[PDB]
Participant: 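The structure under discussion is supplied below as structure tokens; questions concerning it will follow.
Heavy-atom basis, side chains included; hydrogens, waters and symmetry copies ignored. Proteins get letters first, then strands, A, B, ... in listed order; numbering begins at 1 in each.
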Amino acid sequence: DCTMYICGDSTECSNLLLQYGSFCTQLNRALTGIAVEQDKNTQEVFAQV
Amino acid sequence: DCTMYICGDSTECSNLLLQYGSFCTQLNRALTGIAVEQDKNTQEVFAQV
Amino acid sequence: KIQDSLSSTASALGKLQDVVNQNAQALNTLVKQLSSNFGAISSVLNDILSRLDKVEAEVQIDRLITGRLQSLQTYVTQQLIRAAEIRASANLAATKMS
Amino acid sequence: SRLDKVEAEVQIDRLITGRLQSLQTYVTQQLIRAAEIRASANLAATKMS
Amino acid sequence: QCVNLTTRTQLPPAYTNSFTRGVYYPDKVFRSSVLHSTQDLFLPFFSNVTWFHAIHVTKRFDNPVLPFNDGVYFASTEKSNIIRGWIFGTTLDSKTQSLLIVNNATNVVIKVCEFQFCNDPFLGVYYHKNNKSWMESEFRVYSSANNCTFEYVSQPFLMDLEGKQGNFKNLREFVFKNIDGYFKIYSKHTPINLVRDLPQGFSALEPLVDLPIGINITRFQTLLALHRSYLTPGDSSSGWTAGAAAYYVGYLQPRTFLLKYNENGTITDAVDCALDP
Amino acid sequence: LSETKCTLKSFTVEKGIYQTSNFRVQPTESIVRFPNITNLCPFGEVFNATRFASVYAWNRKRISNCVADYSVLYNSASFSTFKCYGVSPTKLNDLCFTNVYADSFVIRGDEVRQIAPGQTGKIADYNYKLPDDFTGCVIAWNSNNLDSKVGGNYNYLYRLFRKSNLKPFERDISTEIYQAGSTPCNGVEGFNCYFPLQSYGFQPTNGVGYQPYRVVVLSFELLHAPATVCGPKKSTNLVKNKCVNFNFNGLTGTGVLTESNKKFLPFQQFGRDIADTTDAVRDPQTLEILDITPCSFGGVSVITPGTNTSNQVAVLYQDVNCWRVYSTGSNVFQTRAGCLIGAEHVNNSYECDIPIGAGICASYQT
Amino acid sequence: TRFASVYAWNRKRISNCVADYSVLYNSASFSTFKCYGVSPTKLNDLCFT
Amino acid sequence: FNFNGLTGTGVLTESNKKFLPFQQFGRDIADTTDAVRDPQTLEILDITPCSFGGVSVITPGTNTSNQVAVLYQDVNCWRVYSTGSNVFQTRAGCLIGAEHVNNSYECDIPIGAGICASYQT
Amino acid sequence: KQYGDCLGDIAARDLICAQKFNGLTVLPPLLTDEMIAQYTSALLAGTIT
Ligand SMILES: CCCCCCCC/C=C/CCCCCCCC(=O)OCCOC[C@H](OCCO)[C@H]1O[C@@H](OCCO)C[C@H]1OCCO
Ligand SMILES: CCCCCCCC/C=C/CCCCCCCC(=O)OCCOC[C@H](OCCO)[C@H]1O[C@@H](OCCO)C[C@H]1OCCO
Ligand SMILES: *[C@@H]1O[C@H](CO)[C@@H](O[C@@H]2O[C@H](CO)[C@@H](O)[C@H](O)[C@H]2NC(C)=O)[C@H](O)[C@H]1NC(C)=O
Ligand SMILES: *[C@@H]1O[C@H](CO)[C@@H](O[C@@H]2O[C@H](CO)[C@@H](O)[C@H](O)[C@H]2NC(C)=O)[C@H](O)[C@H]1NC(C)=O
Ligand SMILES: *[C@@H]1O[C@H](CO)[C@@H](O[C@@H]2O[C@H](CO)[C@@H](O)[C@H](O)[C@H]2NC(C)=O)[C@H](O)[C@H]1NC(C)=O
Ligand SMILES: *[C@@H]1O[C@H](CO)[C@@H](O[C@@H]2O[C@H](CO)[C@@H](O)[C@H](O)[C@H]2NC(C)=O)[C@H](O)[C@H]1NC(C)=O
Ligand SMILES: *[C@@H]1O[C@H](CO)[C@@H](O[C@@H]2O[C@H](CO)[C@@H](O)[C@H](O)[C@H]2NC(C)=O)[C@H](O)[C@H]1NC(C)=O
Ligand SMILES: *[C@@H]1O[C@H](CO)[C@@H](O[C@@H]2O[C@H](CO)[C@@H](O)[C@H](O)[C@H]2NC(C)=O)[C@H](O)[C@H]1NC(C)=O
Ligand SMILES: *[C@@H]1O[C@H](CO)[C@@H](O[C@@H]2O[C@H](CO)[C@@H](O)[C@H](O)[C@H]2NC(C)=O)[C@H](O)[C@H]1NC(C)=O
Ligand SMILES: *[C@@H]1O[C@H](CO)[C@@H](O[C@@H]2O[C@H](CO)[C@@H](O)[C@H](O)[C@H]2NC(C)=O)[C@H](O)[C@H]1NC(C)=O
Ligand SMILES: *[C@@H]1O[C@H](CO)[C@@H](O)[C@H](O)[C@H]1NC(C)=O
Ligand SMILES: *[C@@H]1O[C@H](CO)[C@@H](O)[C@H](O)[C@H]1NC(C)=O
Ligand SMILES: *[C@@H]1O[C@H](CO)[C@@H](O)[C@H](O)[C@H]1NC(C)=O
Ligand SMILES: *[C@@H]1O[C@H](CO)[C@@H](O)[C@H](O)[C@H]1NC(C)=O
Ligand SMILES: *[C@@H]1O[C@H](CO)[C@@H](O)[C@H](O)[C@H]1NC(C)=O
Ligand SMILES: *[C@@H]1O[C@H](CO)[C@@H](O)[C@H](O)[C@H]1NC(C)=O
Ligand SMILES: *[C@@H]1O[C@H](CO)[C@@H](O)[C@H](O)[C@H]1NC(C)=O
Ligand SMILES: *[C@@H]1O[C@H](CO)[C@@H](O)[C@H](O)[C@H]1NC(C)=O
């Protein structure tokens, strides 16, 4: 959670962070890819039969 | 094209960007490697015979 | 049956379409990230250069330059990481051909 | 607590830039590690078969 | 001269949903075919707006003093021009300054004076037989106004005072904000054909005016017009008929919205990013 | 070829094909389109006034439809303070201003420092506060000759007590008894019950810190909305379909101007794209929407054998269909990767030497 | 009544008190007031060590 | 809160920590203030953030429906946006808005820890 | 890990609480360990018989 890591509970920091929203969407896109790939790894190794 | 992405048609931005020239040469070096590798991939798959 | 299954369903070639989509989305994200202020008073160089003189303008233009260079660096790093995986797939396809 | 909302932004933008770069470094290294884990999982899926 | 009103019946307050209404153009920059994310004071989606009206020759005549927390969404469905404006202030007496926006059937008057407002401010419309004519008759709003730092009077006009009979035809939406000494108003007139409630729809309000009034505003009150004629044989305090009109009041909050700009420059849809997951 | 030599940072180039900067076009003219306003701004009524206001009830004046040639003040006026916020002083002549308001009042000399964003003090707390994100200029000048009379001048008041600080640009003209204790004041001054306004005492021989100062605060926005007040810039003719430097209501830039399909609402002056760059503008003199397009466009690659072998080059203009080329001559060949200029096209087929793209290769042969 | 010479300047400890500097608004007038490491509009909300 | 000028947001609870007489605040590894001594009563208190816990929303296409189920990992069914019928506790968190069936199907929407969701009649 | 478990100084003491209070979540895998064990027992029963 970008806003919680960078800004915590600060509202001013969040309003300032609204400039960098594409970068956080990008970070979470990459992490989501990694996560579904972990599940696909386990599938391709164990669910052959 | 670094100068077009970062600076557009601005001459002042270009003169200021002349400090970061190694970084743009580096970026384009990496991208050029990727491009010739794409061509090598297609070669190694299809031009075996 | 192969031919009919291909001619009926539209999303059978999911992996190739995913490659195409990922490249297109990376470029479009790189274009959209030109709207970031990166801490400057504006994200438009012409706005900054219209309002501020050449000494107060550099403080903002250097912020914009640092941010946009970091955007390009992120794009290139992710392209290298994706090219490694595409090259693994191409080596597998070259092994399957042989 | 110490600075008003105009002097505070100069510092908060520094903090935001730094923390976003921290997250970016984390995600980049997670992608590089996930590539190696995926190579290992492909090898394990080949050894299974 | 500042009469109080009697013969009003007592009814509980009503409530109504805000089916995605109250969106306004955030800036003055033109955009097309783009989804623009914006954070600003906005009326949240499916909000709980309070319902007031004036009805039944007199049963209901609602003009209470409402709060003005950070901004007001104000809608009014009417057919015979009963809503005439508002009063904005903090104590609404002559100790402090107040903002008066009123349409006296002839001009739009915007004043920032020190008004000594009435307990029941209203305007009057009289209906004459042997004429079948309705004419502006009363302006019982304030007792006095001394130190008046701002004033605007529009170009003259004549708007029809006839009481219409039928459905509500006109929906008029207004967003009022008070920031940095400016009183911002955004408006949108929409034709309707409806009986009872808020028309569920979407319409983006357009910037109307920024007034440099520079006052503190915490409460406000709506200015209605009542009808008086031979059918109302009482005195000033008792004997008058309301007509038919209703207005709704919602409050703005700092929200993030995702606005959808058309291929032309119009906002056609929006998302309330904090409504639900 | 020299762009490559500089990019490689060497005087030698190996055989190959190299990307260079995109095709650039330089602007041929400069364009200035400001509105056709003629009146000079009321510098006389604002700066040269018989009576200024008290700081507690400060005056706001709307400025519209005028030319802000402030060099008319050079002959008569002299300012101890002139600080601009969000704009540079040397840029005011090339800019149009959006919602100009002039705030004016008279304060003590020791309080001019308090008219600035983020200040505290008796003025900034109780009389006149500037917002933190203030765009405009603050002007002040000593007025001891005009505003100080022998025996003290007691016309200028200021609020001394107030239950809470003012908001930005908020005005408080209330005059009710300030209750400084817990016991109530029933509208009469007494013990811990003070009238909230006190008068400056402006004797002529007061020290410079206690001498009257006339302050003017100008508020505006820049480059976001239609503007009527504009700086002194001589306006030129409109040039379309050509790479020009433009200046529309203060917004500078470079590009090609063409007529547009867009319809701006009457309160709109600029249009922006996803990257927030201005891509449409309404001409201030003739209200017509125009579209702004960059001049530089199109990728360029230079094909070289080693500079050790030759100094000939062929240039590939992807995104050109043979023109927007650096030079043309003989040997213009249209490939699917772009227009190739400087290479002779043969009909034989060989193994690839220098990959050009889309099935075409180049080589240095006899 | 008496201030010190700059060469032998006086240092005074302040403790156990409430800093409501608005009591100076009636009597004092300062040509210079510059704060370092803190914003002037924040002094009412802080406690000083 | 505002403790001696230090502002912030959180939940205050009584602490095991013992501050030396010259100490007023306590910080964690990230240097955020996590303990404070109350100035009026000299008792140590612990500051804990208010926001906590991951949330996922499960949707069929908005083209198909506007129903959603929300998964609150780190909740054991509450700290939920809304509750009603259909509260199901999985090992990945509390799932609210989905009906739990006894059959087993191939995965449609992976929820985690062996649970999947789908939009069926 | 519930909020009532991280409530108090256990937040600073535990590492997972410190991660969760800063927006860093660990998502559970899709296949449980029992399911992976069923897959391996199926592979064993297929290869044995
Ligand atoms: C100290 C420095 C000074 C600076 C000065 C800057 C600001 C001064 C300018 C003020 C212009 C205000 C324009 C908005 C209302 C007048 C609108 C107008 O000039 O046309 C008159 C027709 O009315 C149109 C409007 O609505 C049109 C539909 O009839 C009216 O409808 C009325 O309510 C509905 C009853 O019909 C009220 C009123 O608008 C309310 C204002 O918020
Ligand atoms: C310009 C404007 C500024 C005005 C005010 C600013 C600040 C002035 C405050 C001064 C407080 C000083 C107190 C600290 C040491 C005194 C120690 C004390 O108030 O307790 C007395 C008991 O002694 C404890 C200490 O040690 C306790 C063990 O006996 C002593 O031991 C001694 O040496 C060991 C022999 O027993 C010396 C001494 O401490 C040395 C000081 O460094
Ligand atoms: C209308 O009614 C209000 C109260 O409902 C009257 O205001 C009161 O006036 C009396 C004496 O004039 C005061 O003792 C009360 O304290 C007032 N109440 C309020 C709320 O201010 C008002 O005078 C009436 N107006 C007329 C002319 O009938
Ligand atoms: C509506 O309000 C306007 C503004 O007060 C009234 O017009 C003014 O009338 C007075 C008295 O004749 C004049 O002194 C002002 O100069 C007028 N103002 C302007 C500029 O129009 C108007 O009479 C009112 N109409 C009704 C029906 O009450
Ligand atoms: C018909 O309308 C006219 C004006 O349009 C009315 O004339 C005025 O009416 C008021 C109140 O009735 C009187 O105080 C004025 O003295 C009248 N002035 C004129 C010009 O006559 C007229 O009264 C209306 N007819 C009826 C029957 O009410
Ligand atoms: C606000 O109103 C008060 C009360 O009318 C004004 O004070 C009077 O102003 C006149 C004109 O200068 C003087 O002749 C009186 O002696 C003043 N005293 C009173 C209480 O009557 C005051 O000037 C007005 N102006 C502002 C903006 O404060
Ligand atoms: C957008 O603007 C256009 C131009 O004002 C509106 O008019 C449409 O224009 C197109 C192209 O000429 C025509 O094909 C349509 O028939 C026009 N529509 C009508 C009936 O006016 C258009 O309505 C606006 N809105 C949208 C959503 O396109
Ligand atoms: C705007 O007006 C409100 C109401 O008059 C003010 O709020 C009051 O503030 C005083 C202290 O300044 C308190 O004693 C009252 O209890 C408050 N009343 C309410 C309803 O909150 C507010 O302070 C004014 N705004 C400014 C900037 O002064
Ligand atoms: C360069 O332009 C020419 C025409 O200007 C293109 O040739 C045309 O290609 C289209 C393909 O859809 C054909 O329908 C036309 O009949 C062709 N015209 C001629 C004159 O042959 C050519 O394709 C363009 N070059 C590239 C590589 O894009
Ligand atoms: C949610 O809470 C319940 C109890 O509040 C947990 O169920 C317990 O699990 C432990 C495992 O160590 C058993 O020892 C207890 O006997 C169980 N209690 C009951 C009454 O069932 C449950 O595991 C928690 N949910 C998750 C997924 O963590
Ligand atoms: C609107 O608010 C009132 C005030 O409590 C409440 O009774 C009513 O239920 C709310 N409306 C809805 C439908 O939420
Ligand atoms: C200001 O006013 C004085 C006297 O009215 C006049 O002499 C002087 O020229 C004026 N300055 C200008 C040029 O505005
Ligand atoms: C001046 O501008 C107006 C628009 O306000 C325009 O109608 C008029 O033709 C212009 N005159 C010129 C172009 O000189
Ligand atoms: C390349 O360089 C070497 C040494 O500079 C030279 O001997 C050789 O002749 C050059 N190649 C050609 C073909 O000119
Ligand atoms: C190549 O062949 C085509 C047709 O075969 C002919 O028109 C063209 O002139 C030839 N080009 C050369 C270089 O002779
Ligand atoms: C005031 O603070 C002291 C600590 O110095 C404390 O002992 C006393 O009880 C406090 N009084 C209160 C809480 O009013
Ligand atoms: C999905 O979208 C398409 C086109 O909008 C529509 O035809 C289809 O009915 C939608 N699916 C469902 C199940 O509603
Ligand atoms: C599912 O099965 C369990 C026992 O295996 C039983 O307790 C429960 O009631 C069943 N639910 C349904 C909907 O069949």
Side-chain angles (χ1 to χ4, degrees), chain A residues 1-11 13-14 17 21 23-39 42, chain D residues 19-20 22-24 26-27 30-31 34, chain E residues 256 273-277, chain H residues 9-11 28 30 32 48-59 67-84 86-98 100 107 109-117, chain I residues 1-8 10-32:
Chain A
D1 191 1
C2 267
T3 310
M4 185 154 312
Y5 179 79
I6 299 175
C7 291
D9 275 319
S10 190
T11 306
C13 181
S14 296
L17 187 65
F23 301 90
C24 279
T25 298
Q26 207 183 14
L27 294 171
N28 284 318
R29 209 182 298 139
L31 285 185
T32 299
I34 295 170
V36 309
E37 202 183 55
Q38 298 324 297
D39 288 324
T42 307
Chain D
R19 290 171 179 183
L20 205 42
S22 290
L23 283 175
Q24 187 63 239
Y26 170 78
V27 172
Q30 285 296 101
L31 292 165
Chain E
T256 297
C273 307
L275 178 63
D276 54 1
Chain H
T9 307
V11 174
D28 61 347
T32 68
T48 275
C50 298
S51 301
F52 179 94
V55 167
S56 308
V57 54
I58 294 93
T59 179
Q67 309 183 216
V68 294
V70 181
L71 170 70
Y72 303 92
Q73 45 254 30
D74 308 326
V75 170
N76 191 342
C77 294
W78 308 126
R79 301 180 91 240
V80 301
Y81 287 137
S82 165
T83 180
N86 301 340
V87 164
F88 173 38
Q89 177 66 27
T90 80
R91 217 179 320 171
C94 187
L95 184 63
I96 297 185
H100 176 234
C107 203
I109 302 170
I111 289 179
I115 308 299
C116 299
Chain I
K1 182 175 280 290
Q2 302 186 70
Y3 182 72
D5 296 335
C6 289
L7 199 69
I10 322 173
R13 285 203 325 278
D14 209 66
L15 294 175
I16 315 300
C17 288
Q19 291 163 11
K20 291 205 183 178
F21 275 126
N22 293 294
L24 312 174
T25 348
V26 168
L27 301 165
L30 172 60
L31 286 179
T32 22

Participant: Testing the basics here: between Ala34(D) and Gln38(A), what is the closest heavy-atom pair and its distance to 0.1 Å?
Facilitator: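 So the two residues come closest at CB-NE2, 4.2 Å.
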
Participant: Within a strict 4.5 Å, meaning less than it, do heavy atoms of the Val87(H) and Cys94(H) side chains meet?
Facilitator: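 Side-chain contact under 4.5 Å: yes.
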
Participant: Taking all non-hydrogen atoms of both residues, which atom of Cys6(I) and which atom of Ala11(I) are closest, and how far apart?
Facilitator: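 Scanning both residues completely, I find the closest heavy atoms to be O-CB, 3.4 Å.
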
Participant: Would you call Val55(H) and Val70(H) a side-chain contact if the rule is heavy atoms closer than 4.5 Å?
Facilitator: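 In short, these two side chains touch, coming nearer than 4.5 Å.
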
Participant: Hey, does the side chain of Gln73(H) reach the backbone of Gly93(H) with a donor-acceptor pair shorter than 3.5 angstrom?
Facilitator: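 No, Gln73(H) side chain to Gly93(H) backbone: no donor-acceptor pair under 3.5 Å.
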
Participant: What are the two closest heavy atoms between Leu27(A) and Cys2(A), and how far apart are they?
Facilitator: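 Scanning both residues, the minimum pair turns out to be CD1-SG, 4.0 Å.
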
Participant: Do the rings of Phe21(I) and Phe52(H) sit parallel, tilted or perpendicular, given the 30° and 60° boundaries?
Facilitator: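 Rings of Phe21(I) and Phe52(H): tilted, as their planes differ by 30° to 60°.
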
Participant: From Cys17(I) SG over to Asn22(I) CG, what is the distance, rounded to the nearest 0.5 angstrom?
Facilitator: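 Between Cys17(I) SG and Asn22(I) CG, I get 11.0 Å after rounding to 0.5 Å.
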
Participant: What pair of heavy atoms forms the shortest contact from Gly10(H) to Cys50(H), and how long is it?
Facilitator: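 Looks like CA-SG, 3.6 Å.
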
Participant: Could you report the tightest heavy-atom contact between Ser14(A) and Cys7(A), atom names first, then the distance?
Facilitator: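 Scanning both residues completely, I find the closest heavy atoms to be N-SG, 3.6 Å.
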
Participant: How many angstroms lie between CG in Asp14(I) and CG in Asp5(I), if you round to the nearest 0.5 Å?
Facilitator: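 Rounded to the nearest 0.5 Å, the CG-CG separation comes out at 9.5 Å.
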
Participant: Nearest 0.5 angstrom please: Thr83(H) OG1 to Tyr72(H) OH, how far?
Facilitator: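 Atom-to-atom, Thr83(H):OG1 and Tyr72(H):OH are 8.0 Å apart.
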
Participant: Quick one, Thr48(H) and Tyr3(I) - any side-chain contact, counting heavy atoms below 4.5 Å?
Facilitator: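 Yes, their side chains come closer than 4.5 Å.
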
Participant: To the nearest 0.5 Å, how far apart are OG in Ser51(H) and NZ in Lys20(I)?
Facilitator: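 Rounded to the nearest 0.5 Å, the OG-NZ separation comes to 14.5 Å.
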
Participant: Take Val57(H) and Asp276(E) through the test side chain to side chain contact (heavy atoms under 4.5 Å, CB included) and record every step on the way to the result.
Facilitator: CA-CA 10 Å; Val57(H) 54; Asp276(E) 54 1; over 6 Å; no

Participant: Of the non-hydrogen atoms in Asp39(A) and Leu30(I), which two are nearest, and what is the gap between them?
Facilitator: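 Reported closest heavy-atom pair: OD1-N, 3.2 Å.
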
Participant: Hey, could you give me the CD1/CZ distance between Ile115(H) and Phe88(H), rounded to the nearest 0.5 Å?
Facilitator: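 With rounding to 0.5 Å, CD1 (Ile115(H)) is 4.5 Å from CZ (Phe88(H)).
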
Participant: Assess the residue pair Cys24(A) and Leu20(D) against the criterion (side chain to side chain contact (heavy atoms under 4.5 Å, CB included)); give the C-alpha distance rounded to whole Å, side-chain angles, the decisive distance to 0.1 Å, and a yes or no.
Facilitator: CA-CA 8 Å; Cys24(A) 279; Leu20(D) 205 42; 4.0 Å; yes

Participant: Could you walk me through whether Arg19(D) and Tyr5(A) pass the side chain to side chain contact (heavy atoms under 4.5 Å, CB included) check?
Facilitator: CA-CA 8 Å; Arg19(D) 290 171 179 183; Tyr5(A) 179 79; 4.1 Å; yes

Participant: With rounding to the nearest 0.5 Å, note down the distance linking CD1 in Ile34(A) to CG in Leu27(I).
Facilitator: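 Atom-to-atom, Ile34(A):CD1 and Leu27(I):CG are 11.5 Å apart.
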
